[PDB]
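Written below as structure tokens is the structure these notes are about.
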Amino acid sequence: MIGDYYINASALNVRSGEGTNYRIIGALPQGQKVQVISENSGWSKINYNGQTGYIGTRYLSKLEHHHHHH
């Protein structure tokens, strides 16, 4: 705990951010439907409207409120 030092940033976080299957989904998290359930074996478990997938826990959206230098 408190070891969360991931880059996170703001990119294709729902899917397409793994490097495995980048044509399936894009980025529309927080506020919309579907979220990360839990991390398993390294990748995060997500179920996107009936279609299952895995994404890299390295990049997700939560480090928002980030400045682009002013």
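Note on naming: chains are A, B, ... as they come in the structure tokens, residues start from 1 per chain, ligands start from 1 in the order shown.
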Report task. Name all residues at most 7 Å from segment 25-35 of chain A (count only C-alpha atoms; drop same-chain ones fewer than 4 positions away) and give them as a count of residues only. Result -> 9
Query - Spatial neighbours of segment 61-67 of chain A, max dist 7 Å, only C-alpha atoms, sep filter under 6 positions, as JSON, numbers by chain - result: {"A": [8, 9, 10, 13]}
Please produce a file of the residues just selected, as a PDB file, in the first residue's frame, where the atoms kept are N, CA, C and O atoms.
ATOM      1  N   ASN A   8       0.387   6.484 -14.882  1.00  0.00           N
ATOM      2  CA  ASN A   8      -1.060   6.676 -14.969  1.00  0.00           C
ATOM      3  C   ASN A   8      -1.422   7.573 -16.150  1.00  0.00           C
ATOM      4  O   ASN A   8      -1.889   7.082 -17.179  1.00  0.00           O
ATOM      5  N   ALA A   9      -1.175   8.874 -16.008  1.00  0.00           N
ATOM      6  CA  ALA A   9      -1.399   9.840 -17.082  1.00  0.00           C
ATOM      7  C   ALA A   9      -2.852   9.831 -17.560  1.00  0.00           C
ATOM      8  O   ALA A   9      -3.775   9.542 -16.794  1.00  0.00           O
ATOM      9  N   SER A  10      -3.056  10.224 -18.806  1.00  0.00           N
ATOM     10  CA  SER A  10      -4.373  10.198 -19.412  1.00  0.00           C
ATOM     11  C   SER A  10      -4.263   9.801 -20.881  1.00  0.00           C
ATOM     12  O   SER A  10      -3.923  10.618 -21.735  1.00  0.00           O
ATOM     13  N   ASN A  13      -7.005   4.211 -21.746  1.00  0.00           N
ATOM     14  CA  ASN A  13      -6.894   3.500 -20.475  1.00  0.00           C
ATOM     15  C   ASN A  13      -7.860   2.324 -20.389  1.00  0.00           C
ATOM     16  O   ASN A  13      -7.584   1.339 -19.709  1.00  0.00           O
TER      17      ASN A  13
END
Report task. Enumerate the residues of chain A with a DSSP assignment of strand (DSSP E or B), computed from the backbone, and present them as a list in words. Result -> residues 38, 39, 40, 41, 43, 44, 45, 46, 47, 48, 51, 52, 53, 54, 55 and 56 of chain A
Polymer residues at most 9 Å from residue 7 of chain A, only C-alpha atoms, same-chain spacing of 4 or more positions, as a PDB file with N, CA, C and O atoms, in the first residue's frame:
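The resulting file, out_9.pdb, is reproduced below:
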ATOM      1  N   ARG A  58      -0.309  -0.110 -15.731  1.00  0.00           N
ATOM      2  CA  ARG A  58       0.629   0.996 -15.786  1.00  0.00           C
ATOM      3  C   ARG A  58      -0.074   2.297 -16.171  1.00  0.00           C
ATOM      4  O   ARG A  58       0.260   3.368 -15.657  1.00  0.00           O
ATOM      5  N   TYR A  59      -1.045   2.201 -17.076  1.00  0.00           N
ATOM      6  CA  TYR A  59      -1.736   3.372 -17.574  1.00  0.00           C
ATOM      7  C   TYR A  59      -3.244   3.264 -17.379  1.00  0.00           C
ATOM      8  O   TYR A  59      -3.892   2.347 -17.878  1.00  0.00           O
ATOM      9  N   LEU A  60      -3.768   4.223 -16.639  1.00  0.00           N
ATOM     10  CA  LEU A  60      -5.187   4.324 -16.312  1.00  0.00           C
ATOM     11  C   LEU A  60      -5.471   5.781 -16.003  1.00  0.00           C
ATOM     12  O   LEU A  60      -4.551   6.589 -16.009  1.00  0.00           O
ATOM     13  N   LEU A  63      -4.941   9.890 -11.926  1.00  0.00           N
ATOM     14  CA  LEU A  63      -3.999  10.965 -11.644  1.00  0.00           C
ATOM     15  C   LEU A  63      -4.424  12.228 -12.392  1.00  0.00           C
ATOM     16  O   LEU A  63      -3.594  13.015 -12.850  1.00  0.00           O
TER      17      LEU A  63
END
Query raised in the report: Leaving out residue 54 of chain A and any residue of its chain fewer than 4 positions from it, which residues lie within 9 Å of it when counting only C-alpha atoms, given as an MDAnalysis selection string?
Result: chainID A and resid 15 18 20:21 40 43:47
Query raised in the report: Pick the closest to residue 6 of chain A from A:41, A:22, A:57, A:52: which is it, counting only C-alpha atoms?
Result: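 Among A:41, A:22, A:57, A:52, it is A:57 that comes nearest to residue 6 of chain A.
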Query raised in the report: So what do you get for atom CA of residue 56 of chain A versus atom CA of residue 17 of chain A, distance-wise?
Result: 6.4 Å
Requested in this report: Measure the distance from atom CA of residue 1 of chain A to atom CA of residue 19 of chain A in Å and round it to one decimal.
Outcome: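 Separation between atom CA of residue 1 of chain A and atom CA of residue 19 of chain A: 26.8 Å.
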